Structures are given as structure tokens and as C-alpha cells.
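Undergrad: Structure provided below as C-alpha cells; questions to follow.
Cβ placement follows ideal geometry from the backbone for every residue including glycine, while neighbour counts extend to all protein chains displayed. All of this is worked out from the model, or read from it or from the source named; nothing here is a laboratory result.
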There are 2 protein chains.
Amino acid sequence: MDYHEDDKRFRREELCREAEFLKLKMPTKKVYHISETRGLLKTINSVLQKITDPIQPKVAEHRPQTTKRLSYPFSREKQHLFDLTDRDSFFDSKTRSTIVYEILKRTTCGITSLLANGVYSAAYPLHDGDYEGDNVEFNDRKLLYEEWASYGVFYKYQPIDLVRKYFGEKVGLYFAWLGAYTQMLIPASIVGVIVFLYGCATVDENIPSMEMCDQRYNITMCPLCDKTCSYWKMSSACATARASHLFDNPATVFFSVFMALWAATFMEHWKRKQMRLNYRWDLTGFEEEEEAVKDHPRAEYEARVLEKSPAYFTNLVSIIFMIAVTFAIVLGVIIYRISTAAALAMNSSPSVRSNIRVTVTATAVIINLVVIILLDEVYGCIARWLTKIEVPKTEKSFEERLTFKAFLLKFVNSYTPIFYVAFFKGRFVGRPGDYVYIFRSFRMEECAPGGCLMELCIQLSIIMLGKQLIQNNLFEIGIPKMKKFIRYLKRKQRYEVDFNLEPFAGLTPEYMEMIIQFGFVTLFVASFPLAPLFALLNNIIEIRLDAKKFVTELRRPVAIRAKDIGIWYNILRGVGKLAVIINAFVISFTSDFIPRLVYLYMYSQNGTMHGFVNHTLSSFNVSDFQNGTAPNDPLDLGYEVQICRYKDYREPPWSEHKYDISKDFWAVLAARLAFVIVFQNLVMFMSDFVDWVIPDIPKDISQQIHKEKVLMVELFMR
Amino acid sequence: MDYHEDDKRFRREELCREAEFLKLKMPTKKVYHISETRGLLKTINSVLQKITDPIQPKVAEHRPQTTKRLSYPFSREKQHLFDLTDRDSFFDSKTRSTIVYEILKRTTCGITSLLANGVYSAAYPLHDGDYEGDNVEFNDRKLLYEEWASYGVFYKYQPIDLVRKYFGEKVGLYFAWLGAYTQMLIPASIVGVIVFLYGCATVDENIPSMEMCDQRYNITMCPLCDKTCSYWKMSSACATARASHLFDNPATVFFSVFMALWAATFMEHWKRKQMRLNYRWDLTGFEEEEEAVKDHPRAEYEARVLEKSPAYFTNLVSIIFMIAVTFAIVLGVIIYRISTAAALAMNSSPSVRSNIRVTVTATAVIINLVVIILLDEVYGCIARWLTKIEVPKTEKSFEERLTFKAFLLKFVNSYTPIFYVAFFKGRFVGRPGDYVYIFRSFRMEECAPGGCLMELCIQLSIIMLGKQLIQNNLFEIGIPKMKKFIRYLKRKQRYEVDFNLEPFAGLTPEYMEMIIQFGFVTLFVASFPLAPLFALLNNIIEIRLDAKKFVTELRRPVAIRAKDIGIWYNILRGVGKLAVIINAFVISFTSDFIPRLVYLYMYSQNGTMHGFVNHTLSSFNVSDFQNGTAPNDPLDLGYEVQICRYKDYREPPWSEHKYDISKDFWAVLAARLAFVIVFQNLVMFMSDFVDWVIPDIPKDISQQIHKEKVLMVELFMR
Ligand SMILES: [Ca+2]
Ligand SMILES: [Ca+2]
Ligand SMILES: [Ca+2]
Ligand SMILES: [Ca+2]
């Protein structure tokens, strides 16, 4: 039989003598506050623990612990501090666990101090029962795993007060944030789907693609290759253009405006919901003023400076971390270069002779994804090490600086390839007269046949379906199970079957995955619609996956209380700040929309647009290729290749200045920057406007706190 | 002899019978709370009033009135609510006045209700003594007028706790805001002066102006006139260019970056100082929750909807006010058009024969200033009427909506001419082949000989020295004195010499003048340096002028307490938001700096720049002027005018396309928009960064409130 405990420990069953001395000096240091026993098994021991009501209301009143009462204004029971209980056990296991952890943190000998020194190896509360077993009696964990964590309740709201009461305000806050996230992605998903469907409706009726592969024109192009390539029909590469019309139309600009508006209204709506939850749960946010615990390395550094008697070394390791950030930027770009150069001279030595020319970039970004996964792991480790060497004075400051540094590193090495593809792909390439060669060795970069917006779109597609939806979830399932198999290959009481679980690392990784998701959603939505749909599917898996990870594998967290979400809301605000200018730069420099508008309203000469590809595509006297970097096999699929047509808005070779920058390039560049100006400033004003209209504090919650405080003093006077 | 009263009234000494009935029903409604008498003079009466300590601590404890004590942590005495007094009169006159006004507002029969209905005509507390008279005994008003309001103490700090204690937290907050304003304008003034001095050092050594009036080149220009003008040497108009080099150099961009940084650091520094003042004074900001008073028209509208049983009519009058705002925009532009067309055909009928060509624009903007002064008055009146018809439910909501509407109207009609001059002056003008004519009547607009940046700079100069420094201060002195002379032409006790003063209208006009000042300072600083200097002079007059206006003419205010400055900080944040994009547009489209950089780094052909004016200035076959709109007297001051040189970056007439837009215009336009992108985004990031670095809450003030609350409960337990 097993009674009702609150917290546990782990001694190691048998210098080490002084370790045992502290190992029995700390429990007798707390034994005049609490009560504890010791458990028995031949290879694994433990230290049980029991709270006493002599002490639990005493240290409960030590803080403003605000607990429920017996009076009710309008079916909404109030919450006083402590006056009368008449049950003596109406404190839940979560409250008992956080209060005994409060006592354990109060005694120092600081439980985490010696727990990090390694004289013990565990400190965890107890889960309540088994998840859907034999003759179980409907405890909180069983009902939670039934109605919340099952994959069959993916289409229903989550019991948020239940996950609060069983897990902690922080875990309840994370899951309610995910709920509001998915509920806000639903309409953005529907609008992305209808934008893509409008593109699918107008793709067979638009002008510039049906003429980009109108046949019987026999027009050629110029090889974007290195040395060993051939001229190729522009009409032979219109699968890419006819697919890119789905990703670029006058509706994607509408969806980008709507999506920046959606990001602002989501941040406002979750500020409203977070204030609502902070009212409904514990309200007050008066925490301790850096007075609870200091770090042991902090304290011995203060002892060192006392005995020897730093303050700018935080800034020195900050510029160290910025150099590491620029290091990671350049590493991400060169890793993408290596990955897109994973098939260099693929025709000579392997002689594949299949030549789909769609698969090489797929394998390229797959290798890129694998290397950035490994780099995500090593950057998380080095961010932990850098935040440890930063020596922050508190624990929350350590967590905040670690979160900021790890997010900056993960943002850098998860967005450098997409930045390089969407913006810097075919900019710095020269003309067919001369290109740019690194080390005077080979041509540096080349964009895609049919627009490397398609490279951007397939990269985003399989980085939302090949890393987020599949790889991240499969690793999140497998790494716990692989760790449990490596512990299995290398009836029982609750405090031991709880020990056979893996410890709770933090909410930082789940927050980080979801914020990188949010960056992928709101940062590159302009060229790529239905990215809300991929995020909706990933999150409709992710909420129940995290629920299973909490109630089925993870041992019980400490249930720490928190009002804010942390720095993650400021990080959301930063990503929503960057979203408008990156959508602007995508629409201008990538979407190939401003050149279409410029042609339509400057070089029309007919009314609507026609011959836009003949307007864009320049010409080139093919006898100007330098030093034998010509096409190594001029095949003459046509009668003879006389002029190759590359699109750069340059002057034709039958002019006085040949291969010079024409007026049209400066015209489209000026109008592109004009659209960045107009779009960025207009949607920034619209974002601040929809922030200003929607009130931060809920009107209903202000009414509830008004009537609640009114009745509080009206019942306090009598 | 005169005893110590707190508040006054005014009955009218002799329907009107019911008026007298309410006139003696209201004082007997309050007489079981307070004590009052009645005064005597043959033509003017009054109603005196006296508080009693039976009642004043009673309603003082009714609110969290926080008063000083007898204990002190480290020469900083604490502030409890009410426990022990042992003096019975340590409440100041300000506290007694605001508490008797609290009682008067509590009784409704709402003192302002019947005061607005007009059964009384005054409600004001009593000033303390005479300002530097005969045998006065150094009261608060006398010491205040001596050491604060004198013009001889303009170079010393202001007694801020003294003006707090004598006037109110709101008036103390306004004057401390002005103090921090001038203290922040001092370094911006010094940097503006050194930027102007650098311009004065490099003006005789720069390239483009010394060649703009290098002689012995005999170059001509093309008349920017209507019909009756002549060609004119470009070297004859270099006073304008040699003066515009002072206002445009590579240092004005530095000063614009520094000034946006200054605006952000000023807002942050005043947030710090406002939190410091809110700690040092009354701290808590828990006001009443819309429960103190409702408006009488609000209440009778609720009676109307009760008897008949609107909510969107606030939005209907809001779009009405937006139509009025666009009305005021177009009115300001057409008023500037009328003012700059105040001398139309000035040579034919008057035959001035002086022709300085610098004075017509001066008289133009003078007429513009007079008409916008009259429009400022009528817009203030119509904003009061629109906010009254908006029917806000509270009084603070009425003041806030009135402030926002009046500021939007004053911003519109005080910045539309400067916007039209700095941006839209010479844009929509065509070429000498064809211009644009309204109604096919006459040419619409023309820019200045030598750049209408000089028009902008003289307009800003005499709108900071001819409206702010001179006209506003002289009207602020005279209108009180003119009202006192119109009351004089159409010994005594304190409650009557106080009645011979003019009532306190509000702090909204002084706030409004200073915020329009701040807009002039931070919105158009890029082209115009040393505008901080003009603001420093205006404010170094303005603080002592407002101090004299308070302690010498204005009757004593009610001394209302407030934590925030109001919506004026949000308005400062909005102006600082607009400042970066308007500085960007000034530097690009007005400063003539991006064309110089574009010439230097694209069309150099020599190294440094030379012949920039010959690069900018196009040509025009003078036989192409249409329909006899040629120069009406081609004087041939040279040998013969063959080609007139206008600057539009257009193609010369000896090309295939003549008078077509050249490549250079699109090049300089693209680079202008690139600089707007770079400057706006970079300095917006720098503004948010210098917001993030400086903490909002002062670290010292957090220490003080920490030790204060610690000792509060440590003395409360015992
Ligand atoms: Ca996932
Ligand atoms: Ca995850
Ligand atoms: Ca003034
Ligand atoms: Ca003034």
C-alpha cells in the first residue's frame, strides 16, 4: 500500500564520505520543517517526503498564495488568500508539490545547488495514477490522457483548466498559446487555400506564361550553365512558369497584406486571452525582487572578488556571440553552396542519362536540411555553454539570455538558405559577355530556368513538409523511445515507475520549434500561399503530440507559476516586425510582379500586356563568349543559334553601347523600391492601427475584476 | 482681517426664482458636510467656504490620500496614508482645496453641473498672498514668483517640488516636462550649431556651388515664369545655392540620424524622469473606474433612451471629423497657393521696379501665417464643438478626444504649407515643351531659382522666428492684458482680488504649442539644422512666460493629481514615428544629396565630382515653346539664346527621342528610393535599439521602492 507523498529525491546506494555527510546533513537541515522517509530496493533507492498541515499553510501564507473560497458572485467563486478551509486536504497535489519545492529551495546547505553538484540525482513530484490501465479510479492524469492527449480528440478544444491544475500555470499557458495559435491559423489557412484556388483558376488564362510556352515561335535562350551546356527553348521550361503563376498573382499581394494584418491581430488576440487567463487563474505578478536564490558559481565569484578586492565581460562575451552569429551566417550560406554543389559535373563521371533537372535541387536541399539539423544540435549546445560562461546572477536571467542566444542561432542557420535563395540567387551574376568567378576558378552562382522563385517555393514546401511535419515529429517521438530502449537494454511503486521516466528538460524547445514555425509562416508568406495550411497540419499534430509527451513519458514538472509567456512574446513581436519588410522585399525583388506592372503601365502600346517575355528577354551576339567558355556542344536543335536571349534588361548588341544597362532596368528597379516604400509603410501603419483599435485589456475582464474587488471589500468590512 | 478659507463660489446679486431656490438648496445640501458663509459688496458678491477637521480626514481616508510621516529611512521620509498628525493643520492649502473640491464634486443636486447650467459663475480656490508686494511674509506664491517665475532666473533650475506643492501634480508635471525638454535641447542645439559651422567652413571650398556661379562660362537657363519673363544666368543665382550648401552637406545627414536618436532618447529619458517624479510624489495610480461623475447631457440622453426603449454615431462623427481633416488639408494647400499668388503680375500694374525677388515669398508666407492663425482659432472652436457633439460619457474621455481632434487639426493646418514646399513644389511641372495648366488657364506651380529647398528653409526660419518666438509669445502676453483692459474700461480682500483674475482654461493649449514645436524640431531637421537652437530660445522664454502666466494672472487651479502626462506622450511617440520617414523623404526628394552621390559614384570620369551642374542641367531647343507662351521679351543679354538649360534629367534635343526621360532620371530616382529604404529601416532599428538599451523603470527608483516597502511592513508588524 502507498500513501500520499509530494516530492522525492535520489541518494546513490552503496570525497564520497563528505558526500554522504552532506547527504544526511541536508535532510536533517529540513527535518524541522518537513517529514521524510527512505525507500528500499536492491539497486535503486529513493528518499520519500511528506508535507504536514502544521507547516503547509504557514509557508503558504508566506507568499500571496491565492486559493478558492466558498462564496460566489454570479457562479464565479472568488479567491481570497487564507481564512478558512474546513477540509484540511483541499490543496491539490500540484500546490503541495510546488510548496514543498519552495521549502526545498529555501533550505540551502538551494536544493538545485547540491543537485547540480551531484550528491543527489533526482528531485521530482509524483504523477497521479496510471494512464488508462486496469481498475484505475479516474484521477486527473487518466482523465487528462483520455480527453486531452488522445489523437482521437484532435478536433475538440483542450481542457485548459484541467491541464493547469495538473501541470502548472506555465504548461497551461504554453498549451493555451498553442490553442490560440491553431485557432488563429484556421482562417489564414482558409484564405491561403482560396488564394491558391484563384491562382489555379487563372493559370490557364493569364498572358505571360501561355506565351512563355506558346509554341511555333522557335525562340531560344542562353545557357546558365558553367561550360558544358546547350541553348534551350524558353517554351521547354514553362512547367516552372505555369507553376510559378500559382505562387505569384495579384492575389498573393492581397494575402501578404492580410497576413501581416493577421500577425498583428494574433498578437493582440493572445494578449487579450493571456490577460483573461491571468485573471481566471492566479492574478498578482509581484514576484521576489532577485532575492530567492543566487547561483553557486555567482556566489563563489563574489567570494573571489571579495578576497581579491568582469562587469564588462558580459559585453565581451556578447560581441563574442555576435561574431559567432556572423560565423553561423557565413556557415549557413557556404553549407547551402556545398549542398547545391553536391552534384558537380554529374554528366561526365556517373553518366546518369536520366536528367529530370528537378531532382538535383531536391537532393541539394535535403543534404542542406541534414547539415543544418546537426548544426542546430551543436548550436544549442554551444549556446548553453556561452550562457553558462556569461555568468548571469539569477536563474531567470540565465534562461532568458540562453533563450535569446539559442533563438538567434537557430533563426540564423534555419533562415540563411531561404534568404540566399529568395534574394541573393541570381543578383550578382553578370551578363553572357562576362560573369564573376571566385579565385578565377569557376562561375559563382546561377539562378533557375524559369525563375528561382520556384527554387524558393520548393525549398519552403519541403522545409515545411520534410523538416517540420515529418522529421521534427518523428525525432520527437523516437528520441524518447530510443532513450528508453537504451535504458531497457542497458506492481512496482509509483515513486519508481515515475523514476523510470525521462526528466523534464524545459519548455524552451517546444516554444522554439513553434516560434521558428511562426517565422516560416509570417516571414515568407508573400511568394508562398497555403503555408498557414502546412502550419495548421503541423500544429494539429503538435498539440496532441506534446500532450502525449507530457502525460505519458515526461515525469511530472515542478509546476512553477508565471504570468507572462516570457521573452517569447517579444520574439513574436520582433518576427512580426521583420515580416513586413521581408514580405516587401520578396514581392519586389523575387515575385516578378513589379516588372509585370511596369510593363503594363509603361510599355503597353496595346492596352493589356502581351509580349512581356519578349520585352524582358534581351539579346546577345553569341560570338562574344570569352576564352572558350562557350557552350561546349552547340547542338543546333534549331537551324542555327545566332542570338541567345537572357533576361537582364540590357541593351541589344546592335546598339552603340552593347550589353549596357538599359533604361528599363533602372525603371523597374525604381518602381520596385517604390513598392517596397509604399507596402512597408502602409502595412506598418495598418499594423499599428489594428493594434490601436483592439484593446489590450479585455473589457469583460475589467468588469469582472471591478465587481470582484467591490465585493471583496464589501465582504471584508463585515 | 481675513481667516483661512479653501474654496469660493459666486451667486449673482439681485426661472430666476427656481434659480435662487437651487442656489440655496445646494449649499444646504452640502452644509451637513462643510461650513460656508457669504460676503458683501454692492455690485459683486461671493460665497466663502471653510473646511473642518471633523470632515477633512474623513474624506481624506475615503481615498488613498498618501501623506508624509515622522520616520525616515536615510533622510528620505516615508509616506503612509493616515495614522497620526499632532499638528492638525499640516495639510497644505492645495490639499485642502482639492479635498473640498472633491466634496463639492461628490454632492450633485456635481458642482460643475449647475456651474455649467449657469446658476453660479465661479468655483476657485484661494491664492496665498501677494507676489512681491509690501510687508508680505514670504508665502509660497511670493517665493515661487521670486525664484521661479522671474525672467532673471532663466538660467537656473526650477523649484519643482515648490510648484508641485503650490499648484498641483499636473502643473508640476507640465513644468518638469518642459525642464527636461530644454535640458535635452541643449546638446541638440550645440550639435546643430557645429553642423552649421562645418557648413560655413566648407561652403567656400565645395565644388557644385562655386561652379554654379563660376563666371566666364556664359551659360543660361530657361525661364520658370508664366509668360512674361526672360532667360537668366545660372551664375546670377548662386547666393541661393551658396546658402543652400549650409543647409545641405554630408553633415546634415549625420544630424538627422543624431536627431532621430535624440528624439528616441528624449522620450526614454522623460519616461525615466516621470517614473522618478511619480515615486517622489504620490505613487499609486488606482483611480476611480468611471464612477465619479457622468455628464448631465449623457444622463439625460440615457433618460431619453430609457423613455423611448447612437452607439455608432461616435464613428459617424469620427468619419465626419476625418472629412473635416481632409477639408483642412486642401484648405491649407489652397491657402498657401493664394498666399504665394498674392503678387500676381506685380510688374505691369504696380510697376514696383525694385525687384529683389526674395521679398515676394516672404510676404507670401507672412499672409499664409496670418490666415493659418485665424484658421487655428476657428479649428480649435470647431474641435470643441465636434467633441461636445460626440457626447463622451466621462469628462476625461471628452478631454482626450478633444485633444486628439484639436491636435490633428492644428498639425494639418500648421504643416500643409511646409509639406507642399518641401515635397510637392517642383514635382508635377512638365518640361519647357509643355507644362500643366489648371482649367487650361495658367501654369500651376513652379519651383525656385536655385532650388526651392531654400523656400523650405526660409519658411521654416520665419515660422520658427515669426510665429513661435515672436507672435505666439506676444499674443500670449497681450490677450490676458487686453482682456484685463477690456474689463478695466468696461485693501480689497483676497477672494475678490482673486476674482479680478482670469480663469484657468487648461493645460491643453500649452501642451499643444510645445508639441507643435516638437514636430517642427524633429520633423524637418534634416534640411534645416540649428532648429534645436530656435526651439531652445523659444523654450528658455516659454518656461518663465508660463510661470508668470500662472503665478501673476491665472487664478489658482484646482490642483488635480495625475500620474501620466496624458495622450501627449502617445502624440510624442507618433511624431517621433513620423520623423524618420519625413527626414528620409526630405533627404532624398529635397536635399539634392542623392543626385550628387549618384553623379560622384556613377558619372565621375575624373575621380571627384566636377561639372555636376552641367551633368544635371539638360537642354532645350528654344524654338519649341508652344502657342506663344515663349519669353515675352527675349532680351539677348548674351549674343543670342539658342538653347535654354532646365534641370530635369531629360534627353537633349539632338537625339532621336527629344525631351524624353533619360536613363539618369530613373537612376537617381532608384537611388533616392534606395536611400529612403536604407535610412528609414536603419534608423528605425537604431531607435528601437536605443529604446531597448535604456531601461524604462529607473534602477535607483526600484531600489528606493524596495527599501521603502521593506521598511513599511517592518514598521507595520511592530
Ligand atoms: Ca513539429
Ligand atoms: Ca515539438
Ligand atoms: Ca511659444
Ligand atoms: Ca505658450
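Undergrad: Would you check which residues across segment B:331-351 are more than 21 Å from the chain's Cα centre (by Cα) and more than 14 Å from residue B:366 (Cα to Cα) and list them?
TA: Across segment B:331-351, the qualifying residues are B:334, B:344, B:345, B:346, B:347, B:348, B:349, B:350, B:351.
Residue-by-condition table, conditions (1) closer than 30 Å to residue B:422 by Cα; (2) within 19 Å of the chain's Cα centre (by Cα); (3) outside the structural domain of residue B:99 (by TED's automatic domain parsing); (4) among the small types (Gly, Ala, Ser):
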| site | (1), (2), (3), (4) |
| --- | --- |
| B:505 | no, yes, yes, yes |
| B:509 | yes, yes, yes, no |
| B:531 | yes, yes, yes, yes |
| B:540 | yes, yes, yes, no |
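Undergrad: Which of the numbered conditions does residue B:112 fail, given that it passes all the others? Conditions: (1) outside the structural domain of residue B:497 (by TED's automatic domain parsing); (2) buried (at least 17 other Cβ atoms within 10 Å of the Cβ).
TA: Of (1) outside the structural domain of residue B:497 (by TED's automatic domain parsing); (2) buried (at least 17 other Cβ atoms within 10 Å of the Cβ), only one is false for residue B:112: (2).
Undergrad: On the basis of being in a helix (DSSP H, G or I) and either more than 14 Å from chain B (Cβ to nearest Cβ) or among the hydroxyl-bearing types (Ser, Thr, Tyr) (or both), does residue A:543 make the cut? Give the derivation first.
TA: Details: in a helix (DSSP H, G or I): yes; either more than 14 Å from chain B (Cβ to nearest Cβ) or among the hydroxyl-bearing types (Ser, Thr, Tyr) (or both): yes.
Yes; evaluated as a whole, the condition is true for this residue.
Residues are listed down the side, and each one gets a yes or a no for (1) of a type in the set (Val, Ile, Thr); (2) closer than 22 Å to residue A:106 by Cα:
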| position | (1), (2) |
| --- | --- |
| A:11 | no, yes |
| A:32 | no, yes |
| A:42 | no, no |
| A:49 | no, yes |
| A:52 | yes, yes |
| A:59 | yes, yes |
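Undergrad: Could you figure out which of (1) within 14 Å of chain B (Cβ to nearest Cβ); (2) hydrophobic (A, V, I, L, M, F, W, C); (3) touching an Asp or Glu at 6+ places or on another chain (Cβ under 8 Å) isn't true of residue A:612?
TA: Just one mismatch for residue A:612, condition (1).
Undergrad: Can you tell which of B:193, B:136, B:171, B:163 is assigned to a helix (DSSP H, G or I), surrounded by fewer than 20 Cβ atoms within 10 Å (Cβ to Cβ) and of a type outside the set (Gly, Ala, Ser)? It would help to see each step written out before you state the result.
TA: Details: B:136 fails: assigned to a helix (DSSP H, G or I); B:171 fails: surrounded by fewer than 20 Cβ atoms within 10 Å (Cβ to Cβ); B:163 fails: surrounded by fewer than 20 Cβ atoms within 10 Å (Cβ to Cβ).
Of B:193, B:136, B:171, B:163, the one residue that is assigned to a helix (DSSP H, G or I), surrounded by fewer than 20 Cβ atoms within 10 Å (Cβ to Cβ) and of a type outside the set (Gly, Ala, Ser) is B:193.
Undergrad: So if I check each of A:474, A:460, A:456, which one is within 21 Å of residue A:517 (Cα to Cα) and surrounded by fewer than 19 Cβ atoms within 10 Å (Cβ to Cβ)?
TA: A:474
Undergrad: Do we find a residue being within 29 Å of residue B:377 (Cα to Cα), assigned to a helix (DSSP H, G or I) and touching a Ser or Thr at 6+ places or on another chain (Cβ under 6 Å) anywhere in segment B:297-314?
TA: No, because not a single residue in segment B:297-314 is within 29 Å of residue B:377 (Cα to Cα), assigned to a helix (DSSP H, G or I) and touching a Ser or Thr at 6+ places or on another chain (Cβ under 6 Å).
Undergrad: Cβ-Cβ under 9 Å, sequence separation 6+ or interchain: first residue in segment A:457-471 and more than 14 Å from every other protein chain (Cβ to nearest Cβ), partner β-branched (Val, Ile, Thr) and within 16 Å of ligand 1 (Cβ to nearest atom). Which pairs?
TA: Here the result reads A:464/A:521; A:467/A:372; A:467/A:373; A:468/A:516; A:469/A:541; A:471/A:373, each pair linking segment A:457-471 to a residue that is β-branched (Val, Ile, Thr) and within 16 Å of ligand 1 (Cβ to nearest atom).
Undergrad: If the requirement is being in contact with a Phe, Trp or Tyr (Cβ under 9 Å, 6 or more places away or on another chain) and closer than 23 Å to residue B:653 by Cα, which of these qualifies: B:572, B:597, B:554, B:617? First the steps, then the outcome.
TA: Details: B:572 fails: closer than 23 Å to residue B:653 by Cα; B:597 fails: closer than 23 Å to residue B:653 by Cα; B:554 fails: closer than 23 Å to residue B:653 by Cα.
The conditions single out B:617.
Undergrad: Are any residues in segment B:484-516 part of a helix (DSSP H, G or I) and away from ligand 4 (no atom under 16 Å from the Cβ), and if so, which ones?
TA: Within segment B:484-516, the first condition is being part of a helix (DSSP H, G or I), and the residues that meet it are B:484-488, B:494-497, B:508-516.
If the condition is that a residue be part of a helix (DSSP H, G or I) and away from ligand 4 (no atom under 16 Å from the Cβ), then B:484, B:485, B:486, B:487, B:488, B:494, B:495, B:496, B:497 are the ones that fit.
Undergrad: Answer with yes or no whether residue A:446 is in contact with a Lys or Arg (Cβ under 9 Å, 6 or more places away or on another chain) and buried (at least 19 other Cβ atoms within 10 Å of the Cβ). Quick ask: steps written out before the conclusion?
TA: Values: in contact with a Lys or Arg (Cβ under 9 Å, 6 or more places away or on another chain): yes; buried (at least 19 other Cβ atoms within 10 Å of the Cβ): no.
Spelling it out, it is not the case that residue A:446 is in contact with a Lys or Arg (Cβ under 9 Å, 6 or more places away or on another chain) and buried (at least 19 other Cβ atoms within 10 Å of the Cβ).
Undergrad: If you take the residues in segment B:663-707 that are among the charged types (D, E, K, R) and facing another protein chain (nearest Cβ under 10 Å), which one is surrounded by the fewest Cβ atoms within 10 Å (Cβ to Cβ)?
TA: Here is the first cut: in segment B:663-707, the residues among the charged types (D, E, K, R) are B:663-664, B:672, B:688, B:691, B:696, B:699-700, B:707.
Then keep just the ones that are facing another protein chain (nearest Cβ under 10 Å); that gives B:663-664, B:672, B:688.
Details: B:663: 17, B:664: 22, B:672: 24, B:688: 13.
Of everything passing the filter in segment B:663-707, B:688 is surrounded by the fewest Cβ atoms within 10 Å (Cβ to Cβ).
Yes or no, residue by residue, for (1) under 14 Å from the mean Cα position of the chain (by Cα); (2) within 16 Å of ligand 3 (Cβ to nearest atom); (3) closer than 24 Å to residue B:585 by Cβ:
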| position | (1), (2), (3) |
| --- | --- |
| B:482 | no, no, no |
| B:490 | no, no, no |
| B:519 | yes, yes, yes |
| B:546 | no, yes, no |
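Undergrad: Among the residues in segment B:648-662, are any surrounded by fewer than 16 Cβ atoms within 10 Å (Cβ to Cβ), more than 11 Å from every other protein chain (Cβ to nearest Cβ) and hydrophobic (A, V, I, L, M, F, W, C)?
TA: So far as segment B:648-662 goes, yes, one or more of its residues are surrounded by fewer than 16 Cβ atoms within 10 Å (Cβ to Cβ), more than 11 Å from every other protein chain (Cβ to nearest Cβ) and hydrophobic (A, V, I, L, M, F, W, C).
Undergrad: Test each condition in (1) in contact with a helix residue (DSSP H, G or I) (Cβ under 6 Å, 6 or more places away or on another chain); (2) more than 14 Å from ligand 1 (Cβ to nearest atom); (3) over 19 Å from residue A:530 (Cβ atoms) for residue A:503 and report the one that comes out false.
TA: Exception for residue A:503: condition (1).
Undergrad: To continue, here is another question. Just the residues that are aliphatic (A, V, I, L, M) and under 17 Å from the mean Cα position of the chain (by Cα), please, taken from segment B:174-206. If you could, list the steps in order and put the result at the bottom.
TA: The first filter runs over segment B:174-206 and keeps only residues aliphatic (A, V, I, L, M), leaving B:176, B:178, B:180, B:184-186, B:188, B:190-191, B:193-195, B:197, B:201, B:203.
Passing the criteria: B:176, B:178, B:180, B:184, B:185.
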